[PDB]
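Asker: Sequence first, structure after, both from an experimental entry:
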Amino acid sequence: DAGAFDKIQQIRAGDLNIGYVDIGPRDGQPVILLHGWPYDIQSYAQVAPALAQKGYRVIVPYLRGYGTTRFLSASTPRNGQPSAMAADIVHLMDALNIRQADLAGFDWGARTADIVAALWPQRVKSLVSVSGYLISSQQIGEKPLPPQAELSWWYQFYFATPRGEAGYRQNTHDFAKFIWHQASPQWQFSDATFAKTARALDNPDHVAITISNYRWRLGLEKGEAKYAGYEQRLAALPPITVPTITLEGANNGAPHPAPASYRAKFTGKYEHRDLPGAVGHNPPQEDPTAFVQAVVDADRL
């Protein structure tokens, strides 16, 4: 089915009605592919059908603040703290009756998969984590980096101000597109490619989730009480015990750690891969062949 990745399913899960693609054989090994900011499920439009053809069951959800994922209740805080997204994924797994899956992600999606693997390792068969170990804490997020590193993170400081919230809301499309070009300077993505994901950024919670994510990271927002236990566990920087492949691209313009720096955060089976070429901040969308290979390899590591 040439149209399969365009059939969006909906399911109640936790505080959300999650929008997701679900393709591949129903009895196939499950794989859950998680996008980043400001990207969406289209990051896996080529990866997912390729995995499905090789006998995997593939789930590709919109995160909170994107696409057709919505809050069930108007009164639920539009909260972007890290463990909230991890909880969302566990609720999705539960709602789908998926006991264990391979997880893969980049940017927020990598952080989210990292958290699921660290806090609920029994649910994670193996992990593909682009840019390594992305769990951190508010206490760390308060500490400055060298001036040029802060410039590379400029937008998070913009988002800490009311002017930034207003800019992101008024100029969502242009702002996200500028970010895409900064993060993957050698990716010659088409206007239509961008526009297809931009549609999902017009979700009515997208701004709120974005600003919340970056304010929480800087220690400028208190999370919700029901996630405080998870955040306390995460602040210890717990290691990931499940088989993991980490990926990085040679032309990633977005802030990322050096691979040696995170080697000892993965205490089980492990491999790191530098992807050669023009590959930037979004390996699955930019290099779907290599990303698929990584998921298959991690699933057997």
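Answerer: Cool, the structure landed. Numbering: from 1, shown residues only.

Asker: how far is stretch 197-215 from where the chain is centred?
Answerer: Relative to the chain's own centre, stretch 197-215 is displaced by 13 Å; criterion: C-alpha atoms, centre = their mean, to the nearest Å.

Asker: Give me the buried positions along that stretch.
Answerer: 197-198, 200-201, 203, 205-215 (16 or more other C-beta atoms under 10 Å). In short, each C-beta sits where N, CA and C put it, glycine included.

Asker: and what of stretch 134-153?
Answerer: In terms of neighbour count (16+ other C-beta under 10 Å), stretch 134-153 has its buried residues at 134, 135, 137, 138, 152.

Asker: Stretch 256-272 too?
Answerer: Within stretch 256-272, the residues scored as buried using 16+ other C-beta under 10 Å are 256, 262, 265, 266, 270.

Asker: do stretch 115-127 as well
Answerer: Neighbour counts over stretch 115-127 (16+ other C-beta under 10 Å) mark 115, 116, 117, 118, 119, 121, 123, 124, 125, 126, 127 as buried.

Asker: Looking at the buried residues of stretch 197-215, spot the one nearest residue 188.
Answerer: residue 197 (15.7 Å; C-beta to C-beta).

Asker: Can you tell me how far the closest one is from residue 229?
Answerer: 34 Å (C-beta to C-beta, to the nearest Å).

Asker: What of residue 92?
Answerer: Distance, residue 92 to residue 229, by C-beta to C-beta: 20 Å.

Asker: of those two, who's got more company?
Answerer: residue 92 (22 against 11; other C-beta atoms under 10 Å).

Asker: looking at it, that one is touching residue 62, isn't it?
Answerer: No: in this structure, residue 92 is not within contact of residue 62 by C-beta atoms under 8 Å, at 10.6 Å.

Asker: what is in contact with those two at once?
Answerer: Counting by C-beta atoms under 8 Å, 6 or more residues apart in numbering, the residues touching both residue 92 and residue 62 are 18, 20.

Asker: Report the secondary structure state of the most centrally placed residue in the chain.
Answerer: With the centre of the chain defined as its mean C-alpha position, the nearest residue by C-alpha atoms, centre = their mean is residue 109, 1.3 Å away. Under DSSP: H, G, I helix; E, B strand; the rest coil, the three-state class of residue 109 is helix.

Asker: Next up, the contacts around residue 224.
Answerer: Contacts of residue 224 (C-beta under 8 Å, 6+ apart): 77, 79, 81, 84.

Asker: Please repeat the previous calculation with a cut-off of 7 Å.
Answerer: 77, 79 (C-beta atoms under 7 Å, 6 or more residues apart in numbering).

Asker: Any figure for the gap between it and residue 90?
Answerer: 16 Å.

Asker: Tell me, how many residues neighbour the closest residue in space to residue 49 that isn't next to it in sequence?
Answerer: Excluding its sequence neighbours, the residue lying closest to residue 49 (C-beta to C-beta, 6 or more residues apart in numbering) is residue 5, at 6.0 Å. When counting by other C-beta under 10 Å, one arrives at 20 neighbours for residue 5.

Asker: so residue 5 sits right up against residue 21, yeah?
Answerer: Yes: counting by C-beta atoms under 7 Å, residue 5 does reach residue 21; the two are 5.6 Å apart.

Asker: Can you check which residues contact both of those two?
Answerer: Here residue 5 and residue 21 have residue 48 as joint contacts, going by C-beta under 7 Å, 6+ apart.

Asker: SS state for the closest residue to residue 100 other than its chain neighbours?
Answerer: Nearest non-adjacent residue to residue 100, counting by C-beta to C-beta, 6+ apart: residue 125, 5.1 Å away. At residue 125 the chain is in strand, as set by three-state DSSP.

Asker: In helices, which of the buried residues of stretch 256-272 fall?
Answerer: Per DSSP state H, helices hold no members of the buried residues of stretch 256-272.

Asker: Dump those residues to JSON lines, plus distance to residue 219.
Answerer: Shown next, in JSON lines, are the buried residues of stretch 256-272 (distance: C-beta to C-beta, whole Å):
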{"residue": "256", "distance to residue 219": "21"}
{"residue": "262", "distance to residue 219": "22"}
{"residue": "265", "distance to residue 219": "22"}
{"residue": "266", "distance to residue 219": "26"}
{"residue": "270", "distance to residue 219": "31"}
